[PDB]
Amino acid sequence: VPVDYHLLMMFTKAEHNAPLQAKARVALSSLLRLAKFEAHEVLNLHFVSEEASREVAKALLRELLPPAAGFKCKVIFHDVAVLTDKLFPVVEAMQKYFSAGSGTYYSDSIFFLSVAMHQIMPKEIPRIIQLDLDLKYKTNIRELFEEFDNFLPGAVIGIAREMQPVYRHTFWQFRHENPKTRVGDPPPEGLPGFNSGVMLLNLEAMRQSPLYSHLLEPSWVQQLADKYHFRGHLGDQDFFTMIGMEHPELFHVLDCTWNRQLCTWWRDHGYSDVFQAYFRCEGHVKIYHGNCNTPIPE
């Protein structure tokens, strides 16, 4: 009885963008080199792309497939334009809070895809892992799927913490008005917010959660953004971070080794002292994330 595994990656504006293509190459080669799946299993690779990037991705993929490990792999493309239009009704009201900069543009809607993925993917897909393309996999991606099993009651999404003090900065006013808050503080005891590079989207649990459905409503988005005095430009990452402050029950926090972020931009922009408490990650690394164009070591 065939068992499907689903990954989704954004791959847009990739034509004449050599840096993006090279990242995609590093991510997809390491992914496929180290992947291992049983005989009846199939790895479905979903790409969100406009037509030029679909062609770029196809040329890259033919070079990498079939995988050395010989397992079944299926490639699927989703039109960024089609998805944008399906997303917009759900996602419109949050855009003004979490998009560069204001107000509400179609071009920003796709950065909220994860938040409404359960309404975009067919109901036959119960779970999907959304992954950035500036990653490098140091293990078998099949192992990430067992983290779905660790979701507690009410949890809908698996996500790793943000490893820079960006949300310490973003939540300044709320932190100012609430000296004792954990919002924006480093781990192990603070809520530093989330990074969107690796996300376990339990589409069934998202669909089936009354709480999660309410938070998507325009008035709830507005109430919380006002409560937290919150403004961002990182899209889905900012929305999850915010509702994560109100309702941490919704999120299964992945260990930092599943999304080891390398970006240090915030260290050199006012946070030298505290930076280390946010950025510390130890253990055997599973995925490196070369965010803010940070070279990944080897």
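In this text, rigid core is short for the largest set of C-alphas that superpose within 1.5 Å between two forms. The first residue of the shown sequence is 1; numbering continues from there.
Chemist: Between 92-100 and 116-124, which has its CA atoms farther from the current form in 8 other deposited structures of this protein, using a rigid core superposition?
Modeler: Comparing 92-100 with 116-124, the larger C-alpha deviation in 8 other deposited structures of this protein belongs to 92-100.
Chemist: Core-aligned, RMS over all structures and residues: is 140-148 or 105-113 the stretch with the greater C-alpha displacement in 8 other deposited structures of this protein?
Modeler: Between 140-148 and 105-113, the one lying farther away in 8 other deposited structures of this protein is 105-113.
Chemist: Hey, does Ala69 drop out of the model in a third or more of the other PDB entries compared here?
Modeler: Affirmative; at least a third of those entries omit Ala69.
Chemist: Do the C-alpha atoms of 39-47 or of 60-68 have the higher average B factor in the entry?
Modeler: Stretch with the greater average CA B-factor: 60-68.
Chemist: Higher average CA B factor in the deposited record is what I'm after, so tell me if that's 272-280 or 7-15.
Modeler: Per the deposited B-factors, the answer is 272-280.
Chemist: Quick one: which of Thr104, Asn140, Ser114, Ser209 shows the highest Cα temperature factor in the PDB entry?
Modeler: Across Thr104, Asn140, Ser114, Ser209, the entry lists the biggest C-alpha B-factor for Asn140.
Chemist: Sort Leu215, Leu200, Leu135, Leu152 by C-alpha B-factor from the entry and give me just the highest.
Modeler: Highest C-alpha B-factor among the listed residues goes to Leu152.
Chemist: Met163's Cα B-factor: lowest, middle or highest third of the chain?
Modeler: Ranked within chain, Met163 CA B lands in the middle tercile.
Chemist: Of the three thirds of its chain by CA temperature factor, lowest, middle or highest, which one includes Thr84?
Modeler: Lowest third, going by the recorded CA B-factors of the chain.
Chemist: Where does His118 sit by CA temperature factor within its chain: lowest, middle or highest third?
Modeler: Answer is lowest: the recorded C-alpha B-factor places it there.
Chemist: State the tercile, meaning the lowest, middle or highest third, of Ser219 with respect to the CA B-factors recorded for its chain.
Modeler: For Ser219, whose C-alpha B-factor we compare with every modelled residue in the chain, the answer is the middle third.
Chemist: Among the chain's modelled residues, which third holds the C-alpha B-factor of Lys180?
Modeler: For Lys180, whose C-alpha B-factor we compare with every modelled residue in the chain, the answer is the highest third.
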